[PDB]
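The sequence lines fix the lettering, A, B, ..., with proteins before strands; numbering per chain opens at 1.
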There are 4 protein chains.
Amino acid sequence: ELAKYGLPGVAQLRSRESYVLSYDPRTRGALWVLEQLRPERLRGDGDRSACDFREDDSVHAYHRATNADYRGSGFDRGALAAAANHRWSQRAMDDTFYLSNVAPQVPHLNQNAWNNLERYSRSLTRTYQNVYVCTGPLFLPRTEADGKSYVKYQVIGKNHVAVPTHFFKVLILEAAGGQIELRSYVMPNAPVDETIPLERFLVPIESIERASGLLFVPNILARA
Amino acid sequence: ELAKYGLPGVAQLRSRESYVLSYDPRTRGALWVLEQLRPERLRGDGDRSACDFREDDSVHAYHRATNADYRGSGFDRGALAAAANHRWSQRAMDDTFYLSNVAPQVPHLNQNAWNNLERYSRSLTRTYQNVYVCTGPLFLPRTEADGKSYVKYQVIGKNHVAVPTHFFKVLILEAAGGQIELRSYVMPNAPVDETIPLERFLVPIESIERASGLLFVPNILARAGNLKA
Amino acid sequence: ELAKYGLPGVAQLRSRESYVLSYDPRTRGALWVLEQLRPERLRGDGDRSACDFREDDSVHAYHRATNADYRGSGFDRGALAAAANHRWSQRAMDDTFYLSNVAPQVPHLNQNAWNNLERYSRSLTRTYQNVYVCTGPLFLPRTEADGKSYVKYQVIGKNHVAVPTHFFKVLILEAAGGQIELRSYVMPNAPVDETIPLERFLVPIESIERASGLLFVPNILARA
Amino acid sequence: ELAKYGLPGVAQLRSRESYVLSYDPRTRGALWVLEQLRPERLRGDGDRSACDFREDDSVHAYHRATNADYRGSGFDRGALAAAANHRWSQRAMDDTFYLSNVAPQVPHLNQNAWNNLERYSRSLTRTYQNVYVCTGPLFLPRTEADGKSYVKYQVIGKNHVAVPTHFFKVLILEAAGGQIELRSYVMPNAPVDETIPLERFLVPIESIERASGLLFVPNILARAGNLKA
DNA sequence: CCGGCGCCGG
DNA sequence: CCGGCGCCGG
Ligand SMILES: [Cl-]
Ligand SMILES: [Cl-]
Ligand SMILES: [Cl-]
Ligand SMILES: [Cl-]
Ligand SMILES: [Cl-]
Ligand SMILES: [Cl-]
Ligand SMILES: [Mg+2]
Ligand SMILES: [Mg+2]
Ligand SMILES: [Mg+2]
Ligand SMILES: [Mg+2]
C-alpha cells in the first residue's frame with residue numbers, strides 16, 4: 001500500500017518499428033536507443049526530408065522536446081538511431097524522426113565524423129550477421145580552476161532540452177559463428193576533424209558503462 | 001530478436017522496509033524516494049549514529065556511491081527517507097543509511113531548514129489519515145551572461161556523485177473522506193535561513209513535475225479527486 | 001595421483017548392532033558413540049559380567065586399547081554406549097563391551113553420577129519416541145601459574161590409552177510430534193557427588209561443540 | 001534410523017592445489033598433510049610474505065584457528081605443506097598459508113632445523129622419480145615424578161589451538177623401478193641445534209604410526225615392495 | 001557449510 | 001546481480 005497512488009513514473013521504454021528506446025524525462029532525451037542492423041534492413045525506398053522531425057506525443061508535454069526548442073539554437077536534431085539504417089520500411093525510417101530519438105548535436109559533428117561513424121556501422125553488416133547499435137548521450141564532468149569537478153551542459157528551448165557533452169556508440173557485433181565483438185566509441189559534442197581515423201575515438205566499454213550508468217557486458221554474457 | 005542480448009538500462013527500483021526508491025546510475029543518486037509515514041512507526045527504539053552510512057552493494061560498483069566519495073567533499077550524506085521517520089524497527093531505520101537513499105547536501109541545509117521540513121512532515125501524521133512523502137533531488141538550469149541556460153552541478157568522489165542544485169519533497173495527505181491534499185516544497189541545496197516559514201517554500205506541483213521528469217497528479221487522480229495547496 | 005599410496009587413514013567409523021562409533025587411533029578411544037534409544041530395546045534377557053570387556057581386533061594393534069592397559073591403573077572401563085541400554089539382544093549388549101566403546105573413567109564417577117545420568121537417559125524413552133544419545137570424551141585445558149593454557153591428561157598402559165578430563169553426553173530428544181529437544185551434560189572425570197542434581201551439570205550444546213570438535217546443531221537442522 | 005539426523009564428526013579432508021590434508025577440529029590442527037613434490041613445481045615466480053596467513057573459513061568457526069590465536073603466543077605459524085614446495089603456481093603457494101596447513105611451531109625450529117629438513121626434502125626431487133611428503137604434528141606423553149605418563153601440550157588463543165610436542169615428516173621416495181624407499185623423521189617442538197645431521201632424527205616408521213594413529217606401511221605395500229631406511 | 005561487517009570491484 | 005579481502009561467527 002506504499003504505492004496506493006502508483007509510483008511517480010519510472011523507466012520509459014518505447015518500442016518503435018526500427019529501434020527500442022529508454023527515454024529520460026528529466027533531460028527530455030533518450031538515455032539510449034538500440035537498433036539491430038542487418039543488410040536487408042539497409043536497402044529500400046525509405047526516404048524523408050532531412051528536417052522533418054515531429055514531436056513524440058507519447059511523451060508527456062511537461063517532458064517532451066519540440067521543434068521550437070531547437071529553433072535558433074544552433075544545434076542540429078541529431079538522430080541517434082540513424083534514418084539511413086532503416087530504408088527497408090517507410091514506417092521504420094519515419095520512427096527515427098521522432099524527437100525522442102534525437103539530441104541537440106553540434107552540426108559539424110552531425111554532418112561529418114558522427115555521420116562517418118554511422119556509415120562505418122552499416123558497413124560492418126557485410127561481415128556480421130547482426131550489428132546491434134546502442135547509441136546515446138553522455139554528460140561528462142570537467143575539473144575547473146577550483147580543483148572541483150562539474151557537469152555543465154546547456155539546455156535549449158522553452159522545455160530545457162539537454163545538450164549532451166558527448167555521444168557514445170556501442171557496436172555489439174554478433175558473428176554467424178556466435179562470437180560477440182564489442183567496439184565502443186565516444187566523440188565530444190563539438191566540431192570533430194573529419195579526417196581523424198574513427199579508431200582513435202574508440203574507448204573501453206567500461207569507461208562508457210561507468211559514465212552512462214548503462215551495462216552491456218553483464219547483459220552480453222547472459223547468453224555468451 | 002531486438003532484445004535477445006538484453007537491454008543496457010532498466011528501471012532501478014529498490015523496495016526497502018521503510019521506503020521504495022527509483023535509482024539513477026548516471027547521477028549515482030535516487031530519482032525519488034517514497035515513504036508512507038505512519039504515527040505508529042514514528043516512535044520506537046531505533047537508533048544509529050549520524051555518520052554511519054553504508055554503500056549499497058545492490059548497485060553495481062560502477063554507479064554506486066561510497067563513503068569515500070563524500071569524505072572531504074564538504075557535503076553531508078543527506079538521507080532522503082529520513083532516519084527519524086522509521087524508529088519502530090531498527091532494520092527499517094538502517095535502510096535509510098544506504099547511500100542510495102542519500103544525496104550530497106549542504107550541511108547547513110541538511111541540519112536546519114531541511115530538518116525542519118522533515119519534523120513538520122512527521123507532525124502531519126497526527127492530523128491526516130495517511131502521510132505519503134516523495135523526496136528527491138533537482139538539477140535546475142540557470143541563465144548565464146551569454147544569455148544561455150545551463151545545468152551545472154558538482155560531482156564528488158572518484159564515482160562522480162552528483163550534487164543536486166535543489167531538493168523536492170511532495171506530501172500526499174489523506175484527509176478524512178477520500179480527499180487528497182497535495183503539498184510540494186523545493187529548497188535550494190544551500191544554506192537556508194531557518195527562520196523563513198516553510199510555507200514560503202511551497203511550489204505548484206507542476207513545476208516539480210516539469211523539472212524532475214516525474215508525474216504525481218495523474219497518478220493520484222486515478223484515486224478520487226484532488227485539492228492542490 | 002597425489003594419493004598413489006592411499007591416504008594415511010582417516011575417520012574410522014564402526015557400526016555395531018547397538019551403536020555407531022568414531023574411533024580416534026591417536027588417543028585409542030572413541031571420539032563419540034551414537035545410540036538410538038527406544039523403550040523396547042531397553043528390555044530383555046541381555047546380560048554380561050561387569051568386567052567382561054574384550055579388545056577390538058578391528059582396530060590396528062598399534063592403536064588398540066587392551067585390558068592390560070587398564071590393569072592396575074585405578075580406572076574403570078567406562079562404557080560410553082551403556083550396556084543396560086541394550087538388553088533387547090545379547091549381541092547388541094555384547095557389542096558395548098568392545099574396548100573401543102570404553103574410556104578410562106574414575107570409578108566413583110562410573111558407579112554413581114555417570115550411572116545416574118544413564119538411568120535418566122533411559123527414563124526419557126517413556127516420553128520421547130526416540131532418545132538419541134551421543135557420548136564421548138573431552139580433554140579440556142586449564143590455566144596454570146604461568147598464565148598459559150594446557151591440556152593435560154594421563155595415558156595408561158603400554159599403549160598409552162588417553163584418560164579423558166571430562167565426559168559429555170548429548171541427548172537428542174525426538175518427539176513423536178517432530179519437536180527435537182537437546183539436553184547436553186558434562187561431568188569431570190573425577191569423583192562426583194552422587195547427590196548433586198543432574199540438571200546442574202547441563203551445559204550449552206555450543207560449549208560442547210566448541211571443545212569436542214563435533215557439530216550436532218547444523219546436523220539436527222538438516223531435517224528440522 | 002540411527003543416522004537419520006546426521007553424524008557429529010566425520011572425516012575432515014581438504015583437497016588443495018598443492019596438498020591434501022586431514023583436519024582435526026579438537027586440536028584445531030591438521031592430523032597430516034600430503035604433498036607430491038615435483039621438481040617442475042619447485043621453481044617459478046610464486047611469492048608471498050612470510051607473515052601473510054589466512055584463516056580457513058571452510059572450517060566451522062568453532063574449530064578454526066585464526067591469526068589472533070597466534071598473535072602474542074610466541075609461536076610461529078609453521079606451515080606443514082611448505083610454501084617453497086609450490087612456487088610454480090601462486091594459487092598453489094597461497095594454499096599453504098591457510099592456517100589449517102599450520103601448527104604452532106617454536107620459532108627457532110621453524111626457521112632452522114625444520115627449514116633444513118624441508119630444503120633436504122626438495123633436494124630429493126633431483127634424485128628420485130617421485131617425492132611424497134606426509135607432514136604432521138605429534139603429542140607425545142612424558143613420564144612424571146609420580147611415575148605416571150601424561151600428554152601435556154599448550155593451547156593458544158581463544159580458540160585453544162594445540163601446540164604440538166613434536167612434528168613428523170615421512171618421505172615416500174620412488175626409486176627407479178618400483179622400489180619405494182621410506183624415510184621418516186621426528187623433531188621436537190623446541191630449539192634444535194642446526195648443526196646436528198638430519199639423519200640423527202630418523203626414526204622407525206612404526207613409532208610415528210604408533211604415536212600418530214596413522215598407518216603408512218600397509219597402504220604403500222598395496223603397491224609393490226618396501227625398503228625402510 | 002553457510003551467514004555477516006565495510007570496502008573494493010566487474 | 002555476482003565476486004573478492006580479513007575478520008567474525010553458528
Ligand atoms: Cl528495422
Ligand atoms: Cl512522460
Ligand atoms: Cl571530489
Ligand atoms: Cl540397539
Ligand atoms: Cl586402526
Ligand atoms: Cl593464548
Ligand atoms: Mg544525424
Ligand atoms: Mg538529514
Ligand atoms: Mg559405566
Ligand atoms: Mg616453516
Side-chain angles (χ1 to χ4, degrees), chain A residues 182 184 204-224, chain B residues 6-15 23 25 28 48-49 51-71 77 90-91 94 97-100 157-159, chain C residues 182 184 204-224, chain D residues 6-15 23 25 28 48-49 51-71 77 90-91 94 97-100 157-159:
Chain A
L182 284 151
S184 64
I205 181 70
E206 292 83 10
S207 49
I208 281 178
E209 294 182 313
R210 203 175 285 276
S212 82
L214 316 175
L215 295 167
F216 318 84
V217 187
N219 250 15
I220 281 314
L221 300 165
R223 277 226 179 121
Chain B
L7 312 179
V10 83
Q12 296 217 217
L13 269 275
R14 290 294 180 287
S15 278
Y23 188 75
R28 295 87 154 100
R48 188 175 183 127
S49 314
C51 296
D52 189 27
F53 298 87
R54 325 186 271 248
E55 66 182 63
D56 186 344
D57 294 351
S58 81
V59 172
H60 190 288
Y62 284 172
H63 320 131
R64 163 207 312 160
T66 74
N67 280 306
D69 295 317
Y70 288 82
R71 208 171 310 116
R77 277 154 306 179
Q90 188 66 57
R91 145 85 194 174
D94 299 326
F97 297 70
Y98 279 128
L99 284 179
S100 42
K158 336 175 282 302
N159 299 304
Chain C
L182 284 151
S184 64
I205 181 70
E206 292 83 10
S207 49
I208 281 178
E209 294 182 313
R210 203 175 285 276
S212 82
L214 316 175
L215 295 167
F216 318 84
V217 187
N219 250 15
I220 281 314
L221 300 165
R223 277 226 179 121
Chain D
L7 312 179
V10 83
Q12 296 217 217
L13 269 275
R14 290 294 180 287
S15 278
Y23 188 75
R28 295 87 154 100
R48 188 175 183 127
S49 314
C51 296
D52 189 27
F53 298 87
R54 325 186 271 248
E55 66 182 63
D56 186 344
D57 294 351
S58 81
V59 172
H60 190 288
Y62 284 172
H63 320 131
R64 163 207 312 160
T66 74
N67 280 306
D69 295 317
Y70 288 82
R71 208 171 310 116
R77 277 154 306 179
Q90 188 66 57
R91 145 85 194 174
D94 299 326
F97 297 70
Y98 279 128
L99 284 179
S100 42
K158 336 175 282 302
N159 299 304

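- At whole-Å resolution of the value, NE2 in B:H63 and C1' in F:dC1 are 13 Å apart.
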N/O contacts under 3.5 Å, protein versus nucleotides 2-4 of chain E?
{"unit_1": "E:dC2", "atom_1": "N4", "unit_2": "D:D57", "atom_2": "O", "d": "3.4"}

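- Considering all non-hydrogen atoms of both residues, C:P204 and C:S207 come closest at O-OG, 2.6 Å.
- To the nearest angstrom, P of F:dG10 lies 5 Å from OH of D:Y62.
- If you take CZ of D:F53 and P of F:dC5, they are 17 Å apart, rounded to a whole angstrom.
- Between the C1' atom of E:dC7 and the CZ atom of B:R54 lies a distance of 14 Å, rounded to the nearest Å.
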For side-chain contact (heavy atoms from CB on, under 4.5 Å), just list the numbers for D:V59 and D:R28, CA-CA rounded to whole Å, side-chain angles, deciding distance to a tenth of an Å, and then say yes or no.
-> CA-CA 9 Å; D:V59 172; D:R28 295 87 154 100; over 6 Å; no

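- With the nearest nucleotide of DNA chain F identified for both D:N67 and D:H60, D:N67 has the one nearer the 5' end.
- Side-chain contact, D:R14 with D:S100: no donor N or O sits under 3.5 Å from an acceptor N or O.
- The minimum heavy-atom distance linking D:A65 with D:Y23 is given by the pair N-OH, 4.1 Å.
- Nearer the 5' end of DNA chain E, as judged by each residue's closest nucleotide, is the contact made by B:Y98, out of B:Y98 and B:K158.
- Residues from residues 206-224 of chain A placing a heavy atom under 4.0 Å of any atom in DNA chain F do not occur.
- Applying the salt bridge (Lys or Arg N to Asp or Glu O under 4.0 Å) rule to D:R48 yields the partners D:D52, D:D94; only residues at least two apart in sequence or on another chain are considered.
- With DNA chain F read from its 5' end, the first of the two nearest nucleotides for D:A61 and D:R71 is the one closest to D:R71.
- For the pair B:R77 CZ and E:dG6 P, the computed distance is 12 Å after rounding to whole Å.
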Sequence neighbours excluded and cut-off under 3.5 Å, please list the side-chain donor-acceptor pairs for residues 209-224 of chain C, or say none.
{"unit_1": "C:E209", "atom_1": "OE2", "unit_2": "C:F216", "atom_2": "N", "d": "2.9"}
{"unit_1": "C:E209", "atom_1": "OE2", "unit_2": "C:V217", "atom_2": "N", "d": "3.1"}
{"unit_1": "C:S212", "atom_1": "OG", "unit_2": "C:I208", "atom_2": "O", "d": "3.1"}
{"unit_1": "C:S212", "atom_1": "OG", "unit_2": "C:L214", "atom_2": "N", "d": "2.8"}
{"unit_1": "C:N219", "atom_1": "ND2", "unit_2": "D:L7", "atom_2": "O", "d": "2.5"}

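- For D:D56, the salt bridge (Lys or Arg N to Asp or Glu O under 4.0 Å) partners at least two apart in sequence or on another chain are D:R16.
- Side-chain atoms of D:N159 never come within 3.5 Å of backbone atoms of D:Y62 as a donor-acceptor pair (strictly under, hydrogens ignored).
- Under the rule for a salt bridge (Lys or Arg N to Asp or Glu O under 4.0 Å), the partners of B:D57 that lie at least two apart in sequence or sit in another chain are B:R64.
- Rounded to an integer number of Å, the gap from CZ of D:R14 to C1' of E:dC1 is 9 Å.
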